[PDB]
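Heads up: the structure comes next, in structure tokens.
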Amino acid sequence: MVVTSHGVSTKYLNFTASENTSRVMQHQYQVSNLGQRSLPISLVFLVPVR
Amino acid sequence: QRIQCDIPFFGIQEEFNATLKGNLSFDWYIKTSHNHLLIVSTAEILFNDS
Amino acid sequence: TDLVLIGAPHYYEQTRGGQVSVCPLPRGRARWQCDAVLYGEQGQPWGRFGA
Amino acid sequence: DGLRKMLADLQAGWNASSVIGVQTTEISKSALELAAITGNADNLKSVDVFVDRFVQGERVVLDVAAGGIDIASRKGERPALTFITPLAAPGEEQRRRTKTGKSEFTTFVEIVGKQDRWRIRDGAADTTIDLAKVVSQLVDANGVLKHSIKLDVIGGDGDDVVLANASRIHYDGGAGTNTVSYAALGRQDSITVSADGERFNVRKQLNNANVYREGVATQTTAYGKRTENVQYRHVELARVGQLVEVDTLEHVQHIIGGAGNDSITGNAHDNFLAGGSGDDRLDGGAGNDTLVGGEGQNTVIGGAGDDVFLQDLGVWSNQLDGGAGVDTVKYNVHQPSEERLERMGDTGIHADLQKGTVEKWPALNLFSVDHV
Ligand SMILES: *[C@@H]1O[C@H](CO[C@@H]2O[C@@H](C)[C@@H](O)[C@@H](O)[C@@H]2O)[C@@H](O[C@@H]2O[C@H](CO)[C@@H](O)[C@H](O)[C@H]2NC(C)=O)[C@H](O)[C@H]1NC(C)=O
Ligand SMILES: *[C@@H]1O[C@H](CO)[C@@H](O)[C@H](O)[C@H]1NC(C)=O
Ligand SMILES: *[C@@H]1O[C@H](CO)[C@@H](O)[C@H](O)[C@H]1NC(C)=O
Ligand SMILES: [Ca+2]
Ligand SMILES: [Ca+2]
Ligand SMILES: [Ca+2]
Ligand SMILES: [Ca+2]
Ligand SMILES: [Ca+2]
Ligand SMILES: [Ca+2]
Ligand SMILES: [Ca+2]
């Protein structure tokens, strides 16, 4: 089973320090069970916060 | 932040998307020599290795 | 019920006539398919096997 | 009129013979405006309450000043009591008019608030009370919490069902087999039910709960010269972060938890403990109890007596302990689903009490096993 980033995930953002506008970011992953078996799995996302 | 999501049944030859969405701000930016900083988020699949 | 037998008495081959198809019943919403075909003896054209 | 359809839907869903449906009507902005133009905004009242009977969308003694809903009912009747519009606070409203100097006669609203409770008496029938859409907090224009409006309900004779909410609930079931349902709680919420003999103490932990609260709005009018102002009550929605409340239950035999991870414990009588969705812990205690773990990874303790476990051929794994006495686990309650038939066919379960395992999806996943 494979996990891949997907194209619609945000690639670029830019900002001006003189302005305080926020922006939305999404990281989209695609998970597939290409094998011949079905199993319980766990997904872990590490997210930089501060 | 380590977000861990548990799926009890991941079926055979089936797939799904897992988006990770939130809003941003740019008050953490460090004025380094390079004109850009990269924000990297990692998603990795675990299972019972035994 | 497990299966349905369907007959084609006017199937044409150079040496056999007649044909019967075995069709197991579909499971849930799966498609209905044929799996096996039964035949009569050789050298009997227009024998109408499966009438 | 679209409300007929939703009243009919509620009546059909609950298997209710009829629905009462208290409704609350805040004063129209036009009426308060006109009270401001005329100058006589003082004696007016801002919130009015009406109650009717509604069978399939067509057509009880209440005192707003004392917090008492008194409905009469007959045996065999199976009615429902709902709140179409948010129910206001108890007590009587009073208004005055103050000179306020250069500002011309502004400040108006106040509430006596001798009591901080709503009391509902249902009579003698199988009554359903829907305690949603009830105000649980009262505040002033400054935004400070004065009282926590609490709900007290009495059951009577028959089998009575109440659907709980964020308010502090003292539910007296009376006679008959009675039920409290916390199914409105979300996944982030939880309950912890503990037994003190015949009484139950319920601790509800609601994270980012959404609660109606009543404040004081302020509409103003200029009339060609120096302004005269008014005010009025205003129910509204808000999320108040973390809330902890301690409900109390008496003469209740059945409890249903929410969509979160609940911890529910019974007593020496016969209990119906349901957990719903989430990783719930159910303990029946003594007596012949029935235990429904629902979805999720549940741990279920039966205790002494002859207990019944109900299962649903799910994908999760469950932990089940029977305790003393002769116990039973049943898998035949639910009809198999379509995807179950597609993925598995006509195969059901492989159960072995020597191994202590029940495999609900044999040879397709090895972790959908109930341990008994
Ligand atoms: C990883 O799995 C092992 C084995 O689990 C058993 O075999 C699987 C095929 C499936 O059928 C499971 O339901 C079985 O329980 C776990 O090891 C077992 O752990 C239980 C208690 O959790 C213990 O009673 C057994 O003796 C253990 N057996 C063995 C062979 O180790 C193990 O805990 C799992 N790992 C994690 C992190 O959950
Ligand atoms: C995120 O930012 C965008 C643009 O600044 C805004 O439209 C949106 O409402 C924000 N969402 C949240 C949850 O802050
Ligand atoms: C994931 O998103 C993409 C968007 O292009 C979509 O085409 C795809 O079908 C999605 N994955 C699944 C399993 O639906
Ligand atoms: Ca009653
Ligand atoms: Ca009762
Ligand atoms: Ca639950
Ligand atoms: Ca019990
Ligand atoms: Ca559950
Ligand atoms: Ca018991
Ligand atoms: Ca027992």
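Per Swiss-Prot, chain B residues shown: 1028-1077, in order.
If you're wondering, the header gives electron microscopy, 2.7 Å.
Just so it is clear, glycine is given a Cβ too, placed from its N, Cα and C backbone atoms.
Annotation note: B:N1044 (N-linked glycosylation site) sits in a strand segment as assigned by DSSP. Long-range Cβ contacts of B:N1044 (N-linked glycosylation site) within its own chain (separation 6+, distance under 8 Å) are none. Under the heading N-linked glycosylation site, Swiss-Prot lists B:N1044 (among others).
Under the heading N-linked glycosylation site, Swiss-Prot lists B:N1050 (among others). Proximity of B:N1050 (N-linked glycosylation site) to non-local residues of its own chain (separation of 6 or more, Cβ distance below 8 Å) is seen for none.
Taken from Swiss-Prot, the feature N-linked glycosylation site applies to B:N1075 (among others). Shown in sequence order, the list is empty: the chain has no residue 6+ apart in sequence with a C-beta less than 8 angstroms from the C-beta of B:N1075 (N-linked glycosylation site).
Selection of the glycosylation sites B:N1044, B:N1050, B:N1075 by a Cβ distance under 6 Å from ligand 1 yields, in sequence order, B:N1075.
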